[PDB]
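*Asks:* Keeping their order, the protein sequence lines are chains E and Z.
Following full-length UniProt numbering, the numbering of the first sequence begins with 5 at its first residue and continues without gaps.
Following full-length UniProt numbering, the numbering of the second sequence begins with 4 at its first residue and continues without gaps.
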Amino acid sequence: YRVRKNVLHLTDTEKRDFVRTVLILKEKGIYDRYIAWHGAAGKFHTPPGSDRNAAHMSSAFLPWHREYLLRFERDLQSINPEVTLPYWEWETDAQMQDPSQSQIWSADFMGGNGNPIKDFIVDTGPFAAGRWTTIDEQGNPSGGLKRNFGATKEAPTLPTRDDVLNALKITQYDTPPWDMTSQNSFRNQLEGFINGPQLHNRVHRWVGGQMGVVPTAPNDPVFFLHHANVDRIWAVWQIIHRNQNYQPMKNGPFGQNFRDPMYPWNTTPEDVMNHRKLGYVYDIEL
Amino acid sequence: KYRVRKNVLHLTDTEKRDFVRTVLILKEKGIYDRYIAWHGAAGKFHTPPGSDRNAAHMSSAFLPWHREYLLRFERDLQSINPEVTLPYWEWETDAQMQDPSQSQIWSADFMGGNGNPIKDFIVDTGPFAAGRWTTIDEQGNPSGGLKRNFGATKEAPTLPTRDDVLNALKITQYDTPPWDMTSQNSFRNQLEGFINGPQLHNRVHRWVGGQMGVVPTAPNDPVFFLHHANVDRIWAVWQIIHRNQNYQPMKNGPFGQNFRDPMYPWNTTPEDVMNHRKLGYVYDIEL
Ligand SMILES: CC(=O)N1CCC(Cc2ccc(F)cc2)CC1
Ligand SMILES: CC(=O)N1CCC(Cc2ccc(F)cc2)CC1
Ligand SMILES: [Cu+2]
Ligand SMILES: [Cu+2]
Ligand SMILES: [Cu+2]
Ligand SMILES: [Cu+2]
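1. With a threshold of 8 angstroms between beta-carbons, can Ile28/E be considered close to chain Z, or not?
2. Is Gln214/E closer than 8 angstroms to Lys150/E when the C-beta atoms are compared?
3. What do you get for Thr175/Z, buried or exposed, if any count of 16 or more other CB atoms within 10 angstroms of its CB means buried?
4. Comparing alpha-carbon positions, which option in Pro201/Z, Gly283/Z, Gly53/Z and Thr25/Z lies nearest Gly154/Z?
5. Quick check on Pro180/E - is its C-beta less than 8 angstroms from some C-beta in chain C?
6. Quick one: list the residues of chain Z neighbouring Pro222/E, beta-carbon separation under 7 angstroms, in chain order.
7. Suppose contacts are defined by Cβ-Cβ distances below 8 angstroms. Is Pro268/E in contact with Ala64/E by that definition?
8. Within the present structure, is the beta-carbon of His60/E separated from the nearest heavy atom of ligand 6 by less than 7 angstroms?
9. Can you find a C-beta in chain E that's less than 8 angstroms from the C-beta of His60/Z?
10. Below 8 angstroms between beta carbons: does that hold for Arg6/Z and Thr88/Z?
11. For a cutoff of 8 angstroms on Cβ pairs, would you count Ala40/Z as touching chain E?
12. Compare the C-alpha of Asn57/E against each of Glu158/E, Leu229/E, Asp183/E and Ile244/E and name the closest.
13. Flag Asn223/Z as yes when its Cβ comes closer than 7 angstroms to any non-hydrogen atom of ligand 2, and as no otherwise.
14. Under 8 angstroms, with one C-beta from each stretch per pair, do the region 255-265 of chain E and the region 185-195 of chain E reach the 3-pair mark?
15. Per DSSP, what are the beta-bridge partners of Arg8/Z in this structure?
16. From the beta carbon of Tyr72/E, is the nearest beta carbon of chain Z less than 8 angstroms away?
17. Checking the sheet assignment: what are the DSSP bridge partners for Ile139/E?
18. Excluding the 5 residues preceding and the 5 following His13/E in the sequence, name in chain order all residues of the same chain whose CB lies nearer than 8 angstroms to its CB.
19. What three-state label does DSSP hand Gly134/E in the structure shown?
20. In its own chain, which residues sit with a C-beta less than 6 angstroms from the C-beta of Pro51/Z, not counting the 5 before and 5 after it?
21. I'd like the span of the alpha helix (DSSP H) that includes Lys32/E, first residue to last.
22. Taking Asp264/E and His69/E to be in contact with their CB atoms under 8 angstroms, please state how far apart those CB atoms are, rounded to whole angstroms.
23. In angstroms, rounded to a whole number, what distance separates the CA positions of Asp112/E and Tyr38/Z?
24. To which residues of the same chain is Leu290/Z closer than 8 angstroms at the C-beta, ignoring the five residues directly before and after it?
25. Verify the contact flag: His231/E, CB atom, against every heavy atom of ligand 4, threshold strictly below 7 angstroms.
26. Between the Cα of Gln107/Z and those of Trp94/Z, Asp178/Z and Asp275/Z, spot the shortest distance and give me the residue it belongs to.
27. Check this for me: beta carbons of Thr220/Z and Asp140/Z, under 8 angstroms apart or not?
28. Using a 10 Å radius around the Cβ and a threshold of 16 neighbouring Cβ atoms, would you call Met266/Z buried or exposed?
29. I need the straight-line Cα distance from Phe131/E to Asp16/E, nearest angstrom please.
30. Is the separation between the beta-carbon of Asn144/E and that of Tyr91/E shorter than 8 angstroms?
31. Among residues of its own chain, excluding the 5 on either side of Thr179/Z, which ones have a beta-carbon nearer than 7 angstroms to its beta-carbon?
32. For a test of the three-state rule: what should DSSP assign to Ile39/Z, helix, strand or coil?
33. Does the distance between the C-beta of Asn152/Z and the nearest non-hydrogen atom of ligand 2 fall short of 7 angstroms?
34. On the CB-based measure, 16 or more other CB atoms within 10 Å of its CB, does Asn152/E come out buried or exposed?
35. So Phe258/E contacts chain Z; which residues on that side make the cut at Cβ distance below 9 angstroms?
36. Should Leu169/E be labelled buried (16 or more other beta-carbon atoms within 10 Å of its own) or exposed?
Here you go:
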């Protein structure tokens, strides 16, 4: 009942209402809760000793962020019942010679790249320094939003459309030991550790700035449109592989299994396996 | 009103045994680690960023946060054993003793004893000793055992007394602006222990030492829950005395500190946990 559109197919009002609603949540102090939640899960290892955490590098990577975006979208609609979370189709932006000139990086939406003159501090758009305060790992002020498109050796370019399709061809959702080293795994493949960095992981490194590391990534509002696309690819995969379900169903590390509570919530992957059941849908399904 | 919360000294041998085992079950399942993480995560959620106030401490939300914290915890106990309830450690009566480190609460059948100076004060007695109990650090990585150092600090060589508790109950205002560590004439700040600190709640932490000495790793010691159960009790008693004194601020305080503001990392508000009886439990001193 709640359509989630593509950024390029948004009206000027839809772009305006979305941005404005985010700034309100920021002013209310609700936005910082999500920044903290994301960082808090990143240090919750399942189990302690492994490199697997509640939100990343394991099987719960996809359902966690789905619930994450869901709650966020719910807080959006508590302000404006018409606003929904759009998605950034970065696989299509890769077609451009220079993706930074895309309409998603316009001054009326997310702003542009960082300014090399000003330590790559974002000085354009509604989320520039002085109009948008960011925090660091410890929860202290950091001094502005940063962005450095394709300035990394491991990720100088965005992933391609072919990368997305090759990921959808995978049969298993995930494979043991449900981590960074999982092979033939759609979860691990979409995350981006298969000959990394790729896809989701590559996009983070590509954007740079706060998006470059896990604990500070949600400081950039593009984080939510990026994962909305990640959530879409997962949704499409479920539609293709109707007979394939979430893995592991159990006996994986606690907090990674199908009926396990996902820190820091009581929500289980089962509770968020069907995005239609959650009350939203993507425009490509219509 | 149906779930009695008793005193550790008033517990049977069976009740102590059942409680301890239940804690060990939650630990093995991986549920216990959630609370350690929750506590540490709120300690770095500053309200607002820049200030010394966090979601769980050094502010007005200190008391309702831990009440909800203990509430959720007590519920996870009953998911295992529906008869087990969370006891409280009356540290004010232990202060009466010549040596508090001799309380029956520090016996091998409950919480174990003090730390071993030979092995960096690692606990080697009780059900939560090294090898029977794994602990984690700030970053969420294994730390290698529980520590305890009773009264080894200059600013907290002794536990707080009954008079400290009484004098705190004599305070009229729940809290005062700027609703933080420097609040004066505040029951919250008093009971927390920043008034000539460390005192009361804060002093107990520093007294026990080890993981209990710092905020992010404090829940690694199961005594953390019996300690805050006593802190919650004193708060409950204060509410009974001053029935028309309510939570402050009702508004205009930092977000997450107000009466109807969600307490990170939950959606629970101080209003939702203002009446402990409505939460489904009571303390034995009320009967
Ligand atoms: C490939 C690589 O080493 N990285 C490490 C950094 C990481 C960044 C990141 C940030 C937030 C997330 F929720 C997930 C991942 C991307 C993958
Ligand atoms: C007085 C003092 O400086 N402290 C700092 C250390 C702190 C310990 C502590 C641990 C966990 C809590 F939930 C609350 C408090 C007690 C107060
Ligand atoms: Cu994430
Ligand atoms: Cu991400
Ligand atoms: Cu605490
Ligand atoms: Cu405490």
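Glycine included, C-beta positions come from ideal geometry on N, C-alpha and C.
*Replies:* So, from the listed chains and residues:
1. no
2. yes
3. exposed
4. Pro201/Z
5. Among the protein chains of the structure shown, namely E and Z, there is no chain C.
6. None at all; the shortest Cβ gap to chain Z is about 13 angstroms.
7. no
8. no
9. no
10. yes
11. yes
12. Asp183/E
13. no
14. no
15. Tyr286/Z
16. no
17. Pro145/E
18. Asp287
19. coil
20. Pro257
21. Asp16 to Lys32
22. That pair is no contact at about 16 angstroms.
23. 42 angstroms
24. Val7
25. yes
26. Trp94/Z
27. yes
28. buried
29. 17 angstroms
30. no
31. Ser186, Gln187, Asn188 and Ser189
32. helix
33. no
34. buried
35. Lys32, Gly33, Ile34 and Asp36
36. exposed
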